[PDB]
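Data first, discussion second: the structure below is written as structure tokens.
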RNA sequence: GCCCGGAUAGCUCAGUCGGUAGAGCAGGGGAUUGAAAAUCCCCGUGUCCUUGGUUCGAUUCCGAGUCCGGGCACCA
RNA sequence: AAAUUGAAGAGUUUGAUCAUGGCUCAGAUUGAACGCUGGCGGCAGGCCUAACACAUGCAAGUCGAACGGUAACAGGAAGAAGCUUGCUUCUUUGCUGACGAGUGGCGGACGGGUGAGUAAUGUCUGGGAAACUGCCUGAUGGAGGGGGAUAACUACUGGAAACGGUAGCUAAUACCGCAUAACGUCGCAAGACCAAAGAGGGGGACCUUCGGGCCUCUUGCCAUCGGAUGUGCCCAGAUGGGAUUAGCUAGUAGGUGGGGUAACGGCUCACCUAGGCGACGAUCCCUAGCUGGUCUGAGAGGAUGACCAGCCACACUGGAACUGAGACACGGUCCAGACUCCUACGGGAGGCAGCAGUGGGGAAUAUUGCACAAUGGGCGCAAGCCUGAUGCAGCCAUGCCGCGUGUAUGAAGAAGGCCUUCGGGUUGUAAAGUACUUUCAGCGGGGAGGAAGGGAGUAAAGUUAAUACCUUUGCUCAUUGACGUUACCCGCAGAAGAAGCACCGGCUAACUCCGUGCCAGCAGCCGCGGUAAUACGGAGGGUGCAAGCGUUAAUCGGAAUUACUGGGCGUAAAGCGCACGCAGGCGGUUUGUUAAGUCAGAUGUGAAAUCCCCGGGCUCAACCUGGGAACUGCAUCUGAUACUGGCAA
Ligand SMILES: Nc1nc2c(ncn2[C@@H]2O[C@H](COP(=O)(O)OP(=O)(O)OP(=O)(O)O)[C@@H](O)[C@H]2O)c(=O)[nH]1
Ligand SMILES: [Mg+2]
Ligand SMILES: [Mg+2]
Ligand SMILES: [Mg+2]
Ligand SMILES: [Mg+2]
Ligand SMILES: [Mg+2]
Ligand SMILES: [Mg+2]
Ligand SMILES: [Mg+2]
Ligand SMILES: [Mg+2]
Ligand SMILES: [Mg+2]
Ligand SMILES: [Mg+2]
Ligand SMILES: [Mg+2]
Ligand SMILES: [Mg+2]
Ligand SMILES: [Mg+2]
Ligand SMILES: [Mg+2]
Ligand SMILES: [Mg+2]
Ligand SMILES: [Mg+2]
Ligand SMILES: [Mg+2]
Ligand SMILES: [Mg+2]
Ligand SMILES: [Mg+2]
Ligand SMILES: [Mg+2]
Ligand SMILES: [Mg+2]
Ligand SMILES: [Mg+2]
Ligand SMILES: [Mg+2]
Ligand SMILES: [Mg+2]
Ligand SMILES: [Mg+2]
Ligand SMILES: [Mg+2]
Ligand SMILES: [Mg+2]
Ligand SMILES: [Mg+2]
Ligand SMILES: [Mg+2]
Ligand SMILES: [Mg+2]
Ligand SMILES: [Mg+2]
Ligand SMILES: [Mg+2]
Ligand SMILES: [Mg+2]
Ligand SMILES: [Mg+2]
Ligand SMILES: [Mg+2]
Ligand SMILES: [Mg+2]
Ligand SMILES: [Mg+2]
Ligand SMILES: [Mg+2]
Ligand SMILES: [Mg+2]
Ligand SMILES: [Mg+2]
Ligand SMILES: [Mg+2]
Ligand SMILES: [Mg+2]
Ligand SMILES: [Mg+2]
Ligand SMILES: [Mg+2]
Ligand SMILES: [Mg+2]
Ligand SMILES: [Mg+2]
Ligand SMILES: [Mg+2]
Ligand SMILES: [Mg+2]
Ligand SMILES: [Mg+2]
Ligand SMILES: [Mg+2]
Ligand SMILES: [Mg+2]
Ligand SMILES: [Mg+2]
Ligand SMILES: [Mg+2]
Ligand SMILES: [Mg+2]
Ligand SMILES: [Mg+2]
Ligand SMILES: [Mg+2]
Ligand SMILES: [Mg+2]
Ligand SMILES: [Mg+2]
Ligand SMILES: [Mg+2]
Ligand SMILES: [Mg+2]
Ligand SMILES: [Mg+2]
Ligand SMILES: [Mg+2]
Ligand SMILES: [Mg+2]
Ligand SMILES: [Mg+2]
Ligand SMILES: [Mg+2]
Ligand SMILES: [Mg+2]
Ligand SMILES: [Mg+2]
Ligand SMILES: [Mg+2]
Ligand SMILES: [Mg+2]
Ligand SMILES: [Mg+2]
Ligand SMILES: [Mg+2]
Ligand SMILES: [Mg+2]
Ligand SMILES: [Mg+2]
Ligand SMILES: [Mg+2]
Ligand SMILES: [Mg+2]
Ligand SMILES: [Mg+2]
Ligand SMILES: [Mg+2]
Ligand SMILES: [Mg+2]
Ligand SMILES: [Mg+2]
Ligand SMILES: [Mg+2]
Ligand SMILES: [Mg+2]
Ligand SMILES: [Mg+2]
Ligand SMILES: [Mg+2]
Ligand SMILES: [Mg+2]
Ligand SMILES: [Mg+2]
Ligand SMILES: [Mg+2]
Ligand SMILES: [Mg+2]
Ligand SMILES: [Mg+2]
Ligand SMILES: [Mg+2]
Ligand SMILES: [Mg+2]
Ligand SMILES: [Mg+2]
Ligand SMILES: [Mg+2]
Ligand SMILES: [Mg+2]
Ligand SMILES: [Mg+2]
Ligand SMILES: [Mg+2]
Ligand SMILES: [Mg+2]
Ligand SMILES: [Mg+2]
Ligand SMILES: [Mg+2]
Ligand SMILES: [Mg+2]
Ligand SMILES: [Mg+2]
Ligand SMILES: [Mg+2]
Ligand SMILES: [Mg+2]
Ligand SMILES: [Mg+2]
Ligand SMILES: [Mg+2]
Ligand SMILES: [Mg+2]
Ligand SMILES: [Mg+2]
Ligand SMILES: [Mg+2]
Ligand SMILES: [Mg+2]
Ligand SMILES: [Mg+2]
Ligand SMILES: [Mg+2]
Ligand SMILES: [Mg+2]
Ligand SMILES: [Mg+2]
Ligand SMILES: [Mg+2]
Ligand SMILES: [Mg+2]
Ligand SMILES: [Mg+2]
Ligand SMILES: [Mg+2]
Ligand SMILES: [Mg+2]
Ligand SMILES: [Mg+2]
Ligand SMILES: [Mg+2]
Ligand SMILES: [Mg+2]
Ligand SMILES: [Mg+2]
Ligand SMILES: [Mg+2]
Ligand SMILES: [Mg+2]
Ligand SMILES: [Mg+2]
Ligand SMILES: [Mg+2]
Ligand SMILES: [Mg+2]
Ligand SMILES: [Mg+2]
Ligand SMILES: [Mg+2]
Ligand SMILES: [Mg+2]
Ligand SMILES: [Mg+2]
Ligand SMILES: [Mg+2]
Ligand SMILES: [Mg+2]
Ligand SMILES: [Mg+2]
Ligand SMILES: [Mg+2]
Ligand SMILES: [Mg+2]
Ligand SMILES: [Mg+2]
Ligand SMILES: [Mg+2]
Ligand SMILES: [Mg+2]
Ligand SMILES: [Mg+2]
Ligand SMILES: [Mg+2]
Ligand SMILES: [Mg+2]
Ligand SMILES: [Mg+2]
Ligand SMILES: [Mg+2]
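Protein chains in written order, with full-length UniProt numbering: chain A, 2 to 394; chain B, 63 to 122; chain C, 1 to 82; chain D, 2 to 206; chain E, 3 to 87.
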């Protein structure tokens, strides 16, 4: 919090997706040291991407860490996802703000169950674009074996409804690029080119009023409570009235500084991850799931009608009927919440793979409007996508 | 101390943090405080209309 | 060093200055020996505007007390023969 | 700040005519006056000593359009002033601008006189005044400004003031809407019905 | 410290280096008189008294010693010379 | 942000390794009184914390949650 | 001509009674909190708790008119070199202004903050002698001549930095002898003594050796004695609770010899005497800043010490001293500590109870805001710096006060609710309406008042050798506003954007219907519910306040329920079981004298503020303010001598 962030080069939210222990987090560490050395940005290291006791004694990542690497054309902002089966909830917050992912499948193991589960969550939430990266390569010195894995990833993406064959598959070791190998340094410089070429300039909404979902709350020693997250729409000026709506109730507030990776800002525009500092709020009372809206724009609701599209076995979901009293998890912008289902009259049962409308009473109120997209999940897997129809409360 | 839970029904159980005001009940010997309905985990009484600052309920 | 200076009393946007003989080190509003008239900048043309007891000024200025920028001009405003 | 409810309800509870719903017509005969305070109007009240004091206080309040907090302040002023505490209570109430504007005849009711004071219409000693509580000093000249002079609400309301008793302490021109407040009002001049003694009892305990 | 007027720290330290040397000089000349007093007649003591008198007066006038300190060191010390010898 | 424990009829507790849960104590509900206590005759009065799955069948086996308990971290 | 004009009760023990006596209630107030609900302005105020720990930033510097600096900056002048000969390159010049790095004379000790400590080293009231004083200002007298350094700045090393070195060069209002100076120190005296500094704006005349010698004018420096402001010291009384703390004390108590202090003194020694304190409560223990005041009270009192003002104390904890006129120093030095920091691991830091802010504590108290424009203060010849002291505004129904949310007409006395003596009443002039106004925010044009000045070049009148510079009064100028899209004055539209929430058995202003049935719940006190509840939940109906209302906690009141004014003790609580008796309290009667008490006048003084009357400015109030009394005080000389005491017989 000292240097002013100059608004030059378009902002893009990138992040690594893939299987457990697959060079997902190590790729992010390779991207920093490669781009910092040649172009001449800020250095950083692989340690700062994941410290704590939880990501050292174990080794695995839980928290969605963030990184800022700059290139001549654009200014990227990384989101390193966790990857494991237990950490799907805090991943979806990292994956929702991500515009164009970098998928991570490896040349020794290949596509494994989580890779299918990750890309499934990317479609229903919001992941337009995706780039493959083979994160081992050197361990198996062979031309025939390494290229057989490329075929199966093209099959996976195309089977699940992505381009597949059009996606630029890249090969390169992360640990070799970390030290200083001229061939492998240049091969991950090539990935920075593939991010620039394939992913276009993202479409933001800097017109309709301010909204910002809170991904992770902080308490800065000196300033007060800081909320992070991508600004979904509108803008944020310093010393402007902001209403925090969602779980519990609703509180008034005012912004006292917006920032971009420990650098000051005047206007926090849409489509970019920013840390908003709120005035006169405690760490405990403000929680994860609430949204920073402009006063009057949005209202918290505990009941709503919604056109729910339930999935079948082929698309990946439930395979049995259910009656009123069923309680699955509804993932709106960031957080999840449980809610009882009340079906319409003249509908005895809800079969899998069917379009119907239904009233859903949530246990916690969340800020919502008509035409909001969500993805229902239960039992460590997906259930059904849909849209909000009418407000009731 | 012991505090009286004024109103029909309550959300208090085992733990749950509540606010306390002064006032004897004059019936239960020992009890000499009142829970503030509305504040913190102690919710309002369900479906009250008359006298709602007492018993912590909003407008209908 | 003793000094004749204003005290600044009255409400917000509606000041009223108690010209007063006080020590240099002591505060504006605080300690003094004796007050000597007053001044009102929001009086306008009416019955009363400014009053300043010139007999007590001879006791202090004659001995060895400075007059501040504002109080020196009120001695010119009240005049000797005007 | 104001009552702004059913105004003729206040006259039935109190019994006597309060000049709230006076207006264009002289006598109402349009409420079942006296014998219908509310649903239970036929119920004969037992009426204690604290009752009759508070009924007397609220009557003098609802006639002049003042609230307890401001009304108590008049009593505190009245006690400190010279003479009799009872006579000063009502002498201070009669010196209000919205009451003097009503007594001049520039307003069919006192709420109309209060609004006419508030609406930049009333002007006294060449100075516009908005405050209904403005204490009108002896030897003054209240009047209506030239923009709002001879508007449709005032001319009809001035013709009502001919049927009224008309105070001796103040004088009205009537042609150019110009008033002249002369002396302080005396007890014997006005009312001869609302008791002051009982309102001094309510506040002294 | 967080001020540019720490010159007074180094200026006061520079002062007491000087201030102690002139002070220590004075009290040794006074000790020279007390040394002469005890076993001695009115001769050796008064010679030392004539030497210390200009030094105590001078130091008094600079603002090291006060004028009464000097006055006592003449008064009480002359009373030692006069009474004993 | 993640690890762990806790929840069984109105209250205090038994019972489970798929065989479909019980005990006291409250309360019932006619007798009786103005209405109880007592005496008399008959009653479990249940979303096994919620919800789904493996199955013929789940309190009981395996997920996901609820609010609460205690534990370890992150500083735009 | 005005300053106190001053005092309410009620419920509740019983079958009923009178008494006793607790309990509770109505009233004020508050640094307030919560709950429902909320619209605006005036002035106020806004960490009471963890004197808990604190990132971040900004809160004290300032003079070139003290000197070194002819320079780290930026720019004129004598002269230079390129070439578009005035466009460019560029050495000298206190020389252009200044002011970065410096050494001095002053400031930092004031301004602010916070009550940890302190039950008397404090405060308050009234007195005193042994003091000192920067700045300012009264009056006198100087203002003789020399020297030695030293920083910066090269240089050279140490070191990561923080900081010091090692060889120098070099001013001065820095520094130090010297000669002198009594009305200034020393004893009685002849004697002995001690002080200093030059700057800056001008000059005719004559020295020019040009550094200008020399005249002026200001500021500044001299010992003295002053005034003012203080600041230390002392005494007397007053200034909480506990005797289930009764004995405490050896520099303790005096005296002198010595010693120190601005100065009195066990302040400190050496001796000498062996006391001093304590029932008029020592000592010890717990609690506590103190006062002006605030609050309540008819007053006596009781409570209290937020906010403004005085005094004290403290500055991360515990010491210590230095520098000065002033400190044992809030952003000084120094140790030691604990707890954060930066380290190249040798050694370095650091101190919000200054302003915002964070965590944490909590029932709970505010923005990392805005400006020096004013008003002080710091600096300075002033041109201006710095001033989170003042000024403002963010936030906050947290207060005291103002205006809002409409205003006339309105019968079918609509409907719907609501009770029904199913006839009807009631909510109800309420609504709908039918006329008119538009306060207030919300748009927009005008636009006071906080502002005195400061500055330039000027006239005169002072100043003087002088029509120069300087100063003063007339005197011409241009301007300075953070608040600020001010306060306020006119135009836009159309009731338009703007009402709750307590209560309703008695106390205590105000009724019914259902639902429930000693269950569910209310409860400030009595007490409400067992199938016809006025007390419970709902509804209507009312009543009371309303931008607030209730609840809560807290103080006084009522409580004559600690009674001095102003209570009691046969049986209600309460006469020791009964004597003797020291200290203590009280004391018959008559003259004389003192005056302690008492009384009367006297002068001092009770800081200013509030509190109280006669006024005045906020459009009105609230607020603000001018004067008056008040400040029931406490001391001091003079008398009165009845009464009380002292002393007489
Ligand atoms: N040979 C090789 N090993 C790698 C590479 N990247 C990572 N690894 C290994 O895997 C670990 C890196 O973590 P990854 O699993 O890649 O990334 P991650 O985000 O920690 O994975 P998740 O647990 O899914 O979050 C390291 O301990 C390496 O030993 C690579 O490029 N090559
Ligand atoms: Mg592993
Ligand atoms: Mg990962
Ligand atoms: Mg707060
Ligand atoms: Mg009720
Ligand atoms: Mg003026
Ligand atoms: Mg003027
Ligand atoms: Mg000054
Ligand atoms: Mg009001
Ligand atoms: Mg009654
Ligand atoms: Mg008037
Ligand atoms: Mg009274
Ligand atoms: Mg230091
Ligand atoms: Mg020596
Ligand atoms: Mg001196
Ligand atoms: Mg000196
Ligand atoms: Mg029966
Ligand atoms: Mg029966
Ligand atoms: Mg008089
Ligand atoms: Mg009875
Ligand atoms: Mg009785
Ligand atoms: Mg108050
Ligand atoms: Mg509130
Ligand atoms: Mg509002
Ligand atoms: Mg406002
Ligand atoms: Mg207000
Ligand atoms: Mg504070
Ligand atoms: Mg207090
Ligand atoms: Mg101070
Ligand atoms: Mg102050
Ligand atoms: Mg303060
Ligand atoms: Mg204080
Ligand atoms: Mg003292
Ligand atoms: Mg004193
Ligand atoms: Mg002296
Ligand atoms: Mg000075
Ligand atoms: Mg000479
Ligand atoms: Mg020499
Ligand atoms: Mg020489
Ligand atoms: Mg040298
Ligand atoms: Mg040297
Ligand atoms: Mg020189
Ligand atoms: Mg020179
Ligand atoms: Mg000198
Ligand atoms: Mg000599
Ligand atoms: Mg001589
Ligand atoms: Mg002499
Ligand atoms: Mg002498
Ligand atoms: Mg000689
Ligand atoms: Mg000299
Ligand atoms: Mg004197
Ligand atoms: Mg006290
Ligand atoms: Mg002896
Ligand atoms: Mg009173
Ligand atoms: Mg009393
Ligand atoms: Mg009083
Ligand atoms: Mg304070
Ligand atoms: Mg004082
Ligand atoms: Mg401090
Ligand atoms: Mg300190
Ligand atoms: Mg200290
Ligand atoms: Mg001190
Ligand atoms: Mg200091
Ligand atoms: Mg200190
Ligand atoms: Mg150190
Ligand atoms: Mg230290
Ligand atoms: Mg500090
Ligand atoms: Mg602070
Ligand atoms: Mg501190
Ligand atoms: Mg905080
Ligand atoms: Mg703010
Ligand atoms: Mg500023
Ligand atoms: Mg500015
Ligand atoms: Mg600024
Ligand atoms: Mg400033
Ligand atoms: Mg300015
Ligand atoms: Mg100033
Ligand atoms: Mg000044
Ligand atoms: Mg001067
Ligand atoms: Mg000048
Ligand atoms: Mg300035
Ligand atoms: Mg500064
Ligand atoms: Mg500032
Ligand atoms: Mg404003
Ligand atoms: Mg107030
Ligand atoms: Mg208050
Ligand atoms: Mg009306
Ligand atoms: Mg009604
Ligand atoms: Mg009406
Ligand atoms: Mg209408
Ligand atoms: Mg109408
Ligand atoms: Mg019109
Ligand atoms: Mg206005
Ligand atoms: Mg004009
Ligand atoms: Mg002006
Ligand atoms: Mg000025
Ligand atoms: Mg001038
Ligand atoms: Mg301006
Ligand atoms: Mg300006
Ligand atoms: Mg404003
Ligand atoms: Mg305007
Ligand atoms: Mg405005
Ligand atoms: Mg017009
Ligand atoms: Mg118009
Ligand atoms: Mg009642
Ligand atoms: Mg009765
Ligand atoms: Mg009643
Ligand atoms: Mg009936
Ligand atoms: Mg009740
Ligand atoms: Mg009936
Ligand atoms: Mg009933
Ligand atoms: Mg009502
Ligand atoms: Mg109230
Ligand atoms: Mg109370
Ligand atoms: Mg009492
Ligand atoms: Mg009493
Ligand atoms: Mg008595
Ligand atoms: Mg008694
Ligand atoms: Mg008895
Ligand atoms: Mg007895
Ligand atoms: Mg006896
Ligand atoms: Mg006996
Ligand atoms: Mg005796
Ligand atoms: Mg006698
Ligand atoms: Mg006699
Ligand atoms: Mg005689
Ligand atoms: Mg006599
Ligand atoms: Mg007198
Ligand atoms: Mg006098
Ligand atoms: Mg006096
Ligand atoms: Mg007051
Ligand atoms: Mg005041
Ligand atoms: Mg007045
Ligand atoms: Mg106005
Ligand atoms: Mg006065
Ligand atoms: Mg006054
Ligand atoms: Mg006076
Ligand atoms: Mg007088
Ligand atoms: Mg007078
Ligand atoms: Mg006074
Ligand atoms: Mg005599
Ligand atoms: Mg006689
Ligand atoms: Mg006696
Ligand atoms: Mg005797």
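For every residue, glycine included, the Cβ atom is placed at its ideal position computed from N, Cα and C.
Alpha carbon of residue i to alpha carbon of residue j, nearest angstrom
i, j, result
"residue 383 (chain A)", "residue 55 (chain A)", "28 Å"
Nearest candidate by alpha-carbon position, reference residue i, set the options
i, options, result
"residue 299 (chain A)", "A:312, A:210, A:73 and A:136", "A:210"
"residue 144 (chain A)", "A:225, A:108, A:120 and A:118", "A:108"
Close Cβ partners of residue i (< 6 Å) along its chain, the five nearest in sequence each way excluded
i, result
"residue 63 (chain B)", "95"
**Request:** For the region 91 to 104 of chain B and the region 64 to 82 of chain B, state whether three or more C-beta atom pairs, one from each stretch, are separated by less than 8 Å.
**Result:** yes
**Item:** Three or more C-beta pairs below 8 Å linking the region 209 to 225 of chain A and the region 159 to 176 of chain A
**Value:** no
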